[PDB]
file final_27.pdb (PDB, C-alpha atoms and all ligand atoms)
ATOM      1  CA  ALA F   6     122.449  54.718 146.189
ATOM      2  CA  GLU F   7     119.639  52.130 145.675
ATOM      3  CA  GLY F   8     121.037  48.563 145.959
ATOM      4  CA  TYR F   9     124.358  48.636 147.831
ATOM      5  CA  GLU F  10     126.055  51.007 150.395
ATOM      6  CA  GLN F  11     129.685  52.353 150.812
ATOM      7  CA  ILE F  12     131.341  52.258 154.292
ATOM      8  CA  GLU F  13     134.795  53.490 155.393
ATOM      9  CA  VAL F  14     136.230  50.812 157.681
ATOM     10  CA  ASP F  15     139.542  50.480 159.579
ATOM     11  CA  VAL F  16     141.825  47.912 157.871
ATOM     12  CA  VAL F  17     145.215  46.528 158.985
ATOM     13  CA  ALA F  18     148.365  47.424 156.974
ATOM     14  CA  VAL F  19     152.072  46.613 157.398
ATOM     15  CA  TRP F  20     155.605  47.577 156.209
ATOM     16  CA  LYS F  21     157.386  44.319 155.193
ATOM     17  CA  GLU F  22     161.032  43.978 154.061
ATOM     18  CA  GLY F  23     160.184  43.400 150.370
ATOM     19  CA  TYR F  24     163.723  42.580 149.245
ATOM     20  CA  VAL F  25     167.206  42.736 150.723
ATOM     21  CA  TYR F  26     170.651  42.394 149.173
ATOM     22  CA  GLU F  27     173.946  42.866 151.029
ATOM     23  CA  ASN F  28     176.988  43.786 148.891
ATOM     24  CA  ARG F  29     179.929  42.925 151.185
ATOM     25  CA  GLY F  30     182.338  43.219 148.176
ATOM     26  CA  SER F  31     184.622  46.051 147.000
ATOM     27  CA  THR F  32     182.814  46.361 143.585
ATOM     28  CA  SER F  33     179.254  47.549 142.813
ATOM     29  CA  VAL F  34     176.583  44.906 141.900
ATOM     30  CA  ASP F  35     173.608  45.111 139.453
ATOM     31  CA  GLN F  36     170.340  43.342 140.448
ATOM     32  CA  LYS F  37     167.039  43.019 138.468
ATOM     33  CA  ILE F  38     164.385  43.252 141.223
ATOM     34  CA  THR F  39     160.784  42.523 140.138
ATOM     35  CA  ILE F  40     157.619  43.144 142.196
ATOM     36  CA  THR F  41     153.861  42.706 141.709
ATOM     37  CA  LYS F  42     151.561  45.602 142.701
ATOM     38  CA  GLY F  43     147.849  44.974 143.386
ATOM     39  CA  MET F  44     145.604  42.346 145.041
ATOM     40  CA  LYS F  45     146.962  38.747 145.220
ATOM     41  CA  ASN F  46     145.058  35.925 143.401
ATOM     42  CA  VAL F  47     142.519  38.506 142.141
ATOM     43  CA  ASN F  48     139.470  37.242 140.169
ATOM     44  CA  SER F  49     139.423  38.474 136.530
ATOM     45  CA  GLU F  50     135.601  38.362 135.969
ATOM     46  CA  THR F  51     134.239  39.698 139.320
ATOM     47  CA  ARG F  52     135.359  42.481 141.684
ATOM     48  CA  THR F  53     133.310  40.941 144.597
ATOM     49  CA  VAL F  54     135.560  39.532 147.350
ATOM     50  CA  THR F  55     134.376  37.076 150.017
ATOM     51  CA  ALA F  56     135.943  37.651 153.458
ATOM     52  CA  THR F  57     138.408  35.113 154.967
ATOM     53  CA  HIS F  58     138.250  37.118 158.272
ATOM     54  CA  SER F  59     136.438  40.123 159.863
ATOM     55  CA  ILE F  60     136.908  43.878 159.243
ATOM     56  CA  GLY F  61     135.870  45.306 162.608
ATOM     57  CA  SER F  62     132.111  45.533 163.297
ATOM     58  CA  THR F  63     130.727  45.774 159.712
ATOM     59  CA  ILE F  64     132.322  42.716 158.014
ATOM     60  CA  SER F  65     132.601  39.132 159.336
ATOM     61  CA  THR F  66     133.901  35.890 157.730
ATOM     62  CA  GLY F  67     132.015  34.840 154.569
ATOM     63  CA  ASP F  68     130.550  38.328 153.837
ATOM     64  CA  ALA F  69     130.706  39.418 150.180
ATOM     65  CA  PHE F  70     132.077  42.972 149.736
ATOM     66  CA  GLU F  71     133.729  45.178 147.063
ATOM     67  CA  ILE F  72     136.624  47.683 147.146
ATOM     68  CA  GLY F  73     136.739  50.749 147.134
ATOM     69  CA  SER F  74     139.840  52.830 147.916
ATOM     70  CA  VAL F  75     142.532  51.787 150.451
ATOM     71  CA  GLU F  76     144.240  54.759 152.224
ATOM     72  CA  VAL F  77     147.346  54.373 154.411
ATOM     73  CA  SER F  78     149.021  57.054 156.550
ATOM     74  CA  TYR F  79     152.583  56.265 157.533
ATOM     75  CA  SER F  80     155.959  57.816 158.425
ATOM     76  CA  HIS F  81     159.535  57.351 157.206
ATOM     77  CA  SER F  82     162.513  59.456 158.418
ATOM     78  CA  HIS F  83     160.219  61.692 160.614
ATOM     79  CA  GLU F  84     158.012  62.641 157.574
ATOM     80  CA  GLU F  85     154.316  61.650 157.573
ATOM     81  CA  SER F  86     152.888  60.804 154.102
ATOM     82  CA  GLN F  87     149.533  59.465 152.761
ATOM     83  CA  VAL F  88     149.345  56.783 149.976
ATOM     84  CA  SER F  89     145.978  56.034 148.319
ATOM     85  CA  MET F  90     145.072  53.160 145.964
ATOM     86  CA  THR F  91     142.018  53.624 143.701
ATOM     87  CA  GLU F  92     139.565  50.895 142.515
ATOM     88  CA  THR F  93     141.325  50.111 139.185
ATOM     89  CA  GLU F  94     144.729  50.044 141.044
ATOM     90  CA  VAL F  95     143.749  47.461 143.755
ATOM     91  CA  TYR F  96     142.164  45.027 141.197
ATOM     92  CA  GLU F  97     144.559  45.338 138.187
ATOM     93  CA  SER F  98     147.785  43.484 139.189
ATOM     94  CA  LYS F  99     150.775  45.313 137.612
ATOM     95  CA  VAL F 100     154.307  43.824 137.449
ATOM     96  CA  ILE F 101     157.048  46.481 137.894
ATOM     97  CA  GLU F 102     160.744  45.797 137.088
ATOM     98  CA  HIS F 103     163.913  47.910 137.278
ATOM     99  CA  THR F 104     167.658  47.307 137.854
ATOM    100  CA  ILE F 105     169.384  48.637 140.986
ATOM    101  CA  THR F 106     173.156  48.990 141.392
ATOM    102  CA  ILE F 107     174.148  48.324 145.021
ATOM    103  CA  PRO F 108     177.425  50.108 145.913
ATOM    104  CA  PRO F 109     180.263  48.182 147.573
ATOM    105  CA  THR F 110     180.142  47.625 151.378
ATOM    106  CA  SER F 111     176.400  48.479 151.505
ATOM    107  CA  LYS F 112     172.910  46.936 151.795
ATOM    108  CA  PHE F 113     169.889  47.676 149.563
ATOM    109  CA  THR F 114     166.523  47.373 151.386
ATOM    110  CA  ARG F 115     163.122  47.603 149.608
ATOM    111  CA  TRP F 116     160.360  48.276 152.137
ATOM    112  CA  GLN F 117     156.985  46.988 150.822
ATOM    113  CA  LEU F 118     153.610  48.286 152.124
ATOM    114  CA  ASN F 119     150.732  45.795 152.252
ATOM    115  CA  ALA F 120     147.090  46.074 153.362
ATOM    116  CA  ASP F 121     144.719  43.305 154.446
ATOM    117  CA  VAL F 122     141.084  44.163 153.664
ATOM    118  CA  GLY F 123     139.456  41.182 155.433
ATOM    119  CA  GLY F 124     141.636  38.533 153.800
ATOM    120  CA  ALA F 125     142.304  40.507 150.575
ATOM    121  CA  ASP F 126     146.121  40.777 150.640
ATOM    122  CA  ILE F 127     146.868  43.931 148.619
ATOM    123  CA  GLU F 128     150.589  43.741 147.721
ATOM    124  CA  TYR F 129     152.965  46.745 147.283
ATOM    125  CA  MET F 130     150.533  49.653 148.048
ATOM    126  CA  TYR F 131     153.681  51.809 148.141
ATOM    127  CA  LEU F 132     157.474  51.413 148.112
ATOM    128  CA  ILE F 133     160.516  52.900 149.914
ATOM    129  CA  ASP F 134     163.934  51.536 148.940
ATOM    130  CA  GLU F 135     167.035  52.582 150.939
ATOM    131  CA  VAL F 136     170.762  51.890 150.540
ATOM    132  CA  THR F 137     172.765  51.845 153.803
ATOM    133  CA  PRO F 138     176.470  51.147 154.320
ATOM    134  CA  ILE F 139     177.515  48.059 156.317
ATOM    135  CA  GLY F 140     177.107  48.505 159.322
ATOM    136  CA  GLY F 141     174.902  51.587 159.257
ATOM    137  CA  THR F 142     171.460  52.289 160.691
ATOM    138  CA  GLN F 143     168.140  52.190 158.829
ATOM    139  CA  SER F 144     164.882  54.146 159.006
ATOM    140  CA  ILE F 145     162.158  51.519 159.581
ATOM    141  CA  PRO F 146     158.919  52.833 157.952
ATOM    142  CA  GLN F 147     155.974  52.869 160.417
ATOM    143  CA  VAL F 148     152.258  52.684 159.536
ATOM    144  CA  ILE F 149     150.035  55.217 161.442
ATOM    145  CA  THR F 150     146.491  54.878 160.002
ATOM    146  CA  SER F 151     145.091  52.251 157.582
ATOM    147  CA  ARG F 152     141.489  52.553 156.270
ATOM    148  CA  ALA F 153     139.481  51.504 153.206
ATOM    149  CA  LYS F 154     136.141  52.415 151.631
ATOM    150  CA  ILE F 155     134.123  49.264 150.807
ATOM    151  CA  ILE F 156     130.804  48.624 149.065
ATOM    152  CA  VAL F 157     128.386  46.175 150.791
ATOM    153  CA  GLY F 158     124.702  45.219 150.568
ATOM    154  CA  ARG F 159     122.310  47.917 151.784
ATOM    155  CA  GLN F 160     121.085  47.619 155.368
ATOM    156  CA  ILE F 161     117.707  45.850 155.938
ATOM    157  CA  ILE F 162     115.658  47.993 158.374
ATOM    158  CA  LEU F 163     113.495  45.673 160.501
ATOM    159  CA  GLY F 164     109.814  46.558 160.008
ATOM    160  CA  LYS F 165     110.316  48.917 157.003
ATOM    161  CA  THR F 166     112.452  47.258 154.262
ATOM    162  CA  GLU F 167     110.431  45.026 151.884
ATOM    163  CA  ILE F 168     112.471  41.961 150.771
ATOM    164  CA  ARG F 169     112.298  38.716 148.762
ATOM    165  CA  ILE F 170     113.449  35.370 150.207
ATOM    166  CA  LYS F 171     115.175  33.281 147.474
ATOM    167  CA  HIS F 172     116.530  29.720 147.919
ATOM    168  CA  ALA F 173     120.330  29.553 147.526
ATOM    169  CA  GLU F 174     120.510  26.121 145.787
ATOM    170  CA  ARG F 175     117.250  26.060 143.721
ATOM    171  CA  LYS F 176     117.369  29.881 142.977
ATOM    172  CA  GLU F 177     113.572  30.363 143.405
ATOM    173  CA  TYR F 178     111.561  32.928 145.440
ATOM    174  CA  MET F 179     109.318  32.008 148.380
ATOM    175  CA  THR F 180     105.663  32.444 147.276
ATOM    176  CA  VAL F 181     102.406  32.137 149.269
ATOM    177  CA  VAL F 182      99.583  29.751 148.156
ATOM    178  CA  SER F 183      96.487  28.217 149.774
ATOM    179  CA  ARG F 184      97.224  24.825 151.433
ATOM    180  CA  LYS F 185      94.368  23.230 153.446
ATOM    181  CA  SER F 186      92.391  26.524 154.134
ATOM    182  CA  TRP F 187      95.013  29.243 155.132
ATOM    183  CA  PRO F 188      98.074  30.814 153.363
ATOM    184  CA  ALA F 189     101.101  28.469 153.084
ATOM    185  CA  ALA F 190     104.625  29.091 151.772
ATOM    186  CA  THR F 191     105.696  27.426 148.463
ATOM    187  CA  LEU F 192     108.591  28.011 145.995
ATOM    188  CA  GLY F 193     108.145  29.701 142.582
ATOM    189  CA  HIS F 194     109.572  32.297 140.149
ATOM    190  CA  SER F 195     107.164  35.203 141.008
ATOM    191  CA  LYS F 196     108.932  38.488 141.967
ATOM    192  CA  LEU F 197     105.575  40.092 143.075
ATOM    193  CA  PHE F 198     105.656  38.232 146.437
ATOM    194  CA  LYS F 199     107.547  40.306 149.071
ATOM    195  CA  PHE F 200     108.108  40.018 152.862
ATOM    196  CA  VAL F 201     109.217  42.254 155.773
ATOM    197  CA  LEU F 202     111.364  41.089 158.755
ATOM    198  CA  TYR F 203     110.886  41.985 162.480
ATOM    199  CA  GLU F 204     112.722  41.210 165.752
ATOM    200  CA  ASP F 205     111.273  40.977 169.299
ATOM    201  CA  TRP F 206     112.104  39.239 172.663
ATOM    202  CA  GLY F 207     110.967  35.884 171.202
ATOM    203  CA  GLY F 208     112.970  36.151 167.956
ATOM    204  CA  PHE F 209     112.707  37.076 164.257
ATOM    205  CA  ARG F 210     109.430  36.982 162.262
ATOM    206  CA  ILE F 211     108.707  36.583 158.493
ATOM    207  CA  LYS F 212     105.638  38.784 157.696
ATOM    208  CA  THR F 213     104.194  38.405 154.147
ATOM    209  CA  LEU F 214     102.798  41.465 152.317
ATOM    210  CA  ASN F 215     100.850  39.262 149.801
ATOM    211  CA  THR F 216      98.453  37.427 152.162
ATOM    212  CA  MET F 217      95.371  35.681 150.697
ATOM    213  CA  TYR F 218      93.329  35.835 153.947
ATOM    214  CA  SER F 219      93.825  39.250 155.696
ATOM    215  CA  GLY F 220      95.419  39.077 159.167
ATOM    216  CA  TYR F 221      97.099  35.663 158.690
ATOM    217  CA  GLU F 222     100.588  36.990 157.745
ATOM    218  CA  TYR F 223     103.431  35.812 160.135
ATOM    219  CA  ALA F 224     105.246  32.618 158.953
ATOM    220  CA  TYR F 225     105.041  29.674 161.389
ATOM    221  CA  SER F 226     105.875  25.951 161.622
ATOM    222  CA  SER F 227     102.985  23.482 161.982
ATOM    223  CA  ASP F 228     103.100  20.135 163.853
ATOM    224  CA  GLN F 229     102.962  18.234 160.483
ATOM    225  CA  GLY F 230     106.173  20.135 159.427
ATOM    226  CA  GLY F 231     104.740  22.476 156.770
ATOM    227  CA  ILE F 232     104.954  26.279 156.703
ATOM    228  CA  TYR F 233     101.838  28.440 157.123
ATOM    229  CA  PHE F 234     101.167  32.144 157.821
ATOM    230  CA  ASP F 235      99.237  32.994 161.062
ATOM    231  CA  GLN F 236      98.046  36.136 162.952
ATOM    232  CA  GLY F 237     100.384  38.035 165.301
ATOM    233  CA  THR F 238     100.987  36.082 168.541
ATOM    234  CA  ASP F 239     103.731  35.537 171.152
ATOM    235  CA  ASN F 240     103.738  31.783 170.093
ATOM    236  CA  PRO F 241     107.410  30.729 169.513
ATOM    237  CA  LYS F 242     106.283  28.541 166.536
ATOM    238  CA  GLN F 243     105.943  31.807 164.470
ATOM    239  CA  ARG F 244     109.329  33.255 165.746
ATOM    240  CA  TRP F 245     112.667  32.382 164.098
ATOM    241  CA  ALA F 246     116.445  32.461 164.631
ATOM    242  CA  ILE F 247     118.778  33.996 162.001
ATOM    243  CA  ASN F 248     122.448  32.791 162.022
ATOM    244  CA  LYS F 249     123.852  36.186 160.858
ATOM    245  CA  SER F 250     124.223  38.980 163.478
ATOM    246  CA  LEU F 251     122.496  42.375 163.111
ATOM    247  CA  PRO F 252     122.282  44.610 161.099
ATOM    248  CA  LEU F 253     121.102  42.344 158.237
ATOM    249  CA  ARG F 254     122.058  43.349 154.689
ATOM    250  CA  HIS F 255     121.024  42.825 151.032
ATOM    251  CA  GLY F 256     122.262  39.596 149.407
ATOM    252  CA  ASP F 257     122.999  37.981 152.821
ATOM    253  CA  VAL F 258     122.930  34.168 152.761
ATOM    254  CA  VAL F 259     120.968  33.314 155.968
ATOM    255  CA  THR F 260     119.310  30.248 157.576
ATOM    256  CA  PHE F 261     116.007  30.331 159.593
ATOM    257  CA  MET F 262     115.837  28.017 162.665
ATOM    258  CA  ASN F 263     112.443  27.733 164.447
ATOM    259  CA  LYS F 264     112.429  28.879 168.111
ATOM    260  CA  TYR F 265     109.870  26.269 169.290
ATOM    261  CA  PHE F 266     111.349  23.386 167.227
ATOM    262  CA  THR F 267     115.053  24.187 168.030
ATOM    263  CA  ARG F 268     116.678  21.435 165.827
ATOM    264  CA  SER F 269     114.143  21.990 162.988
ATOM    265  CA  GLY F 270     114.893  24.724 160.397
ATOM    266  CA  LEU F 271     113.319  26.287 157.260
ATOM    267  CA  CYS F 272     114.078  24.210 154.124
ATOM    268  CA  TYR F 273     112.828  22.838 150.768
ATOM    269  CA  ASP F 274     110.980  19.479 150.719
ATOM    270  CA  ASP F 275     108.503  18.600 147.903
ATOM    271  CA  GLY F 276     105.352  17.661 149.859
ATOM    272  CA  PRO F 277     101.794  17.014 148.578
ATOM    273  CA  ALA F 278     100.868  20.643 147.628
ATOM    274  CA  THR F 279     103.626  22.988 148.913
ATOM    275  CA  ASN F 280     107.444  22.539 148.927
ATOM    276  CA  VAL F 281     108.687  24.974 151.719
ATOM    277  CA  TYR F 282     108.893  22.989 155.005
ATOM    278  CA  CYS F 283     110.545  23.220 158.465
ATOM    279  CA  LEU F 284     112.148  19.754 159.135
ATOM    280  CA  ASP F 285     114.410  18.276 161.892
ATOM    281  CA  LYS F 286     118.248  18.555 161.457
ATOM    282  CA  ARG F 287     117.740  20.564 158.164
ATOM    283  CA  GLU F 288     118.844  24.186 157.607
ATOM    284  CA  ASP F 289     118.847  25.151 153.897
ATOM    285  CA  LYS F 290     120.433  28.451 152.833
ATOM    286  CA  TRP F 291     118.172  31.456 151.955
ATOM    287  CA  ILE F 292     119.264  34.759 150.350
ATOM    288  CA  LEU F 293     117.784  38.078 151.560
ATOM    289  CA  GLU F 294     117.082  40.305 148.507
ATOM    290  CA  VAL F 295     116.046  43.976 149.036
ATOM    291  CA  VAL F 296     113.387  45.356 146.619
ATOM    292  CA  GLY F 297     113.753  48.520 144.521
ATOM    293  CA  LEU F 298     111.936  47.051 141.427
TER     294      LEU F 298
HETATM  295 CL    CL B 301      92.099  30.674 157.753
HETATM  296 MG    MG B 302     153.386  45.211 162.430
HETATM  297 NA    NA B 303     136.536  54.517 159.749
HETATM  298 NA    NA B 304     147.926  49.036 160.736
HETATM  299 NA    NA B 305     166.295  45.999 159.996
HETATM  300 NA    NA B 306     121.942  24.332 151.951
END
call {"tool": "encode", "arguments": {"input": "final_27.pdb", "output": "structure tokens"}}
result
Amino acid sequence: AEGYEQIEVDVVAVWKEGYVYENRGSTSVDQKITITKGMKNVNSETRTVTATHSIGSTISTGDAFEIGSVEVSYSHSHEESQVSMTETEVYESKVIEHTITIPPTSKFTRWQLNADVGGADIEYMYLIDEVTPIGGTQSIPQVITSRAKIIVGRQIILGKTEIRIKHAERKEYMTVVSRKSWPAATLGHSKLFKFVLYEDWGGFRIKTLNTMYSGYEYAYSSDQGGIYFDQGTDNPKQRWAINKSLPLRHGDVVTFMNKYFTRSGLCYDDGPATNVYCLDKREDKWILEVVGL
């Protein structure tokens, strides 16, 4: 799969008390109970969901992911069962309605199973409805295993994966042009200009694969503020700090903070020739885009 990657991740699920009615009378009662299966406040145009909280080690808050297939293992009355919910089921929100006649001196209980895929509250994954006499005992349904397959951006291998660095606000790729007398970063529409990321003891590095002057390839911050590409050195001016934890992924919105100039970070600022600068108290958003075209 070139582009994105599927990962099975452990999700939290729960058996709620979906509806309760207690018929303390001597006559039977009719009740029109209505439920809504599927993901709550689901977006009609896109299937991509942004996380409101983490999903173990793979997902963290803000990460954009896609479902998938939620699978829950549970038990009710000493019998273990497995309920699955396919892609079209989790996104299409169905409304189910049926009458239920509660007998006299009894209680109707509708157990509702819900899953929480990193904020995505999937309502009524399954249903168990039991009638018990007053004052009888119930069988509380217990969840055993809750997992879900999710599709996320493919993993960026440091040193191998060729990428493009696009600005989040302006929506333009980082290109390399000659400023003064060495290669300097600017912003344009060219897709031919790629990069490759590395990580060492000093930090992250932005190597360009389209250098004008051979050897001068690692992105660094000059004293004047501008961005230039220089030869491989331990100099912290050419190392960087990425806000997102490893492993990095395709389509990740990241920010590059210089290791030498701690407060200063990679951003856009229309200068004399170039427009990609590293300025104090500024940290513009950049999207990592993996190449397969
Ligand atoms: Cl030079
Ligand atoms: Mg619980
Ligand atoms: Na798993
Ligand atoms: Na659970
Ligand atoms: Na109870
Ligand atoms: Na920004």
call {"tool": "residues_around", "arguments": {"input": "final_27.pdb", "residues": "residue 107 (chain F)", "least_positions_apart": "6", "cutoff": "7 Å", "atoms": "only C-alpha atoms", "output": "count of residues only"}}
result
5
call {"tool": "residues_around", "arguments": {"input": "final_27.pdb", "residues": "residue 168 (chain F)", "least_positions_apart": "4", "cutoff": "7 Å", "atoms": "all atoms listed in the file", "output": "list in words"}}
result
residues 199, 200, 201, 293, 294, 295 and 296 of chain F
call {"tool": "closest_residue", "arguments": {"input": "final_27.pdb", "among": "F:151, F:80, F:260, F:110", "to": "ligand NA 304 (chain B)", "atoms": "all atoms listed in the file"}}
result
F:151
call {"tool": "residues_around", "arguments": {"input": "final_27.pdb", "residues": "residue 267 (chain F)", "least_positions_apart": "4", "cutoff": "10 Å", "atoms": "all atoms listed in the file", "output": "PyMOL selection string"}}
result
chain F and resi 242+245-246+262-263+285-286
call {"tool": "residues_near_ligand", "arguments": {"input": "final_27.pdb", "ligand": "ligand NA 304 (chain B)", "cutoff": "12 Å", "atoms": "all atoms listed in the file", "output": "PyMOL selection string"}}
result
chain F and resi 15-21+75-79+118-122+146-153
call {"tool": "resolve_selection", "arguments": {"input": "final_27.pdb", "expression": "the PyMOL selection byres (((not hetatm)) within 9 of (chain B and resi 305))", "output": "number ranges by chain"}}
result
F: 22, 114, 142-145
call {"tool": "residues_near_ligand", "arguments": {"input": "final_27.pdb", "ligand": "ligand NA 306 (chain B)", "cutoff": "9 Å", "atoms": "all atoms listed in the file", "output": "list in words"}}
result
residues 172, 173, 174, 260, 272, 287, 288, 289, 290 and 291 of chain F
call {"tool": "residues_near_ligand", "arguments": {"input": "final_27.pdb", "ligand": "ligand CL 301 (chain B)", "cutoff": "7 Å", "atoms": "all atoms listed in the file", "output": "ChimeraX atom specification"}}
result
/F:186-187,218
call {"tool": "closest_residue", "arguments": {"input": "final_27.pdb", "among": "F:70, F:26, F:209, F:261", "to": "residue 12 (chain F)", "atoms": "all atoms listed in the file"}}
result
F:70
call {"tool": "atom_distance", "arguments": {"input": "final_27.pdb", "atom1": "CA of residue 297 (chain F)", "atom2": "CA of residue 156 (chain F)"}}
result
17.6 Å
call {"tool": "closest_residue", "arguments": {"input": "final_27.pdb", "among": "F:175, F:180, F:240, F:104", "to": "residue 206 (chain F)", "atoms": "all atoms listed in the file"}}
result
F:240
call {"tool": "atom_distance", "arguments": {"input": "final_27.pdb", "atom1": "CA of residue 259 (chain F)", "atom2": "CA of residue 278 (chain F)"}}
result
25.2 Å
call {"tool": "atom_distance", "arguments": {"input": "final_27.pdb", "atom1": "CA of residue 59 (chain F)", "atom2": "CA of residue 244 (chain F)"}}
result
28.6 Å
call {"tool": "resolve_selection", "arguments": {"input": "final_27.pdb", "expression": "the PyMOL selection byres (((chain F and resi 97) around 12) and not hetatm)", "output": "ChimeraX atom specification"}}
result
/F:41-52,90-96,98-100,127-128
call {"tool": "closest_residue", "arguments": {"input": "final_27.pdb", "among": "F:31, F:160, F:195, F:54", "to": "residue 251 (chain F)", "atoms": "all atoms listed in the file"}}
result
F:160
call {"tool": "residues_around", "arguments": {"input": "final_27.pdb", "residues": "residue 281 (chain F)", "least_positions_apart": "2", "cutoff": "7 Å", "atoms": "all atoms listed in the file", "output": "VMD selection string"}}
result
chain F and resid 190 to 192 231 to 232 272 to 274 279
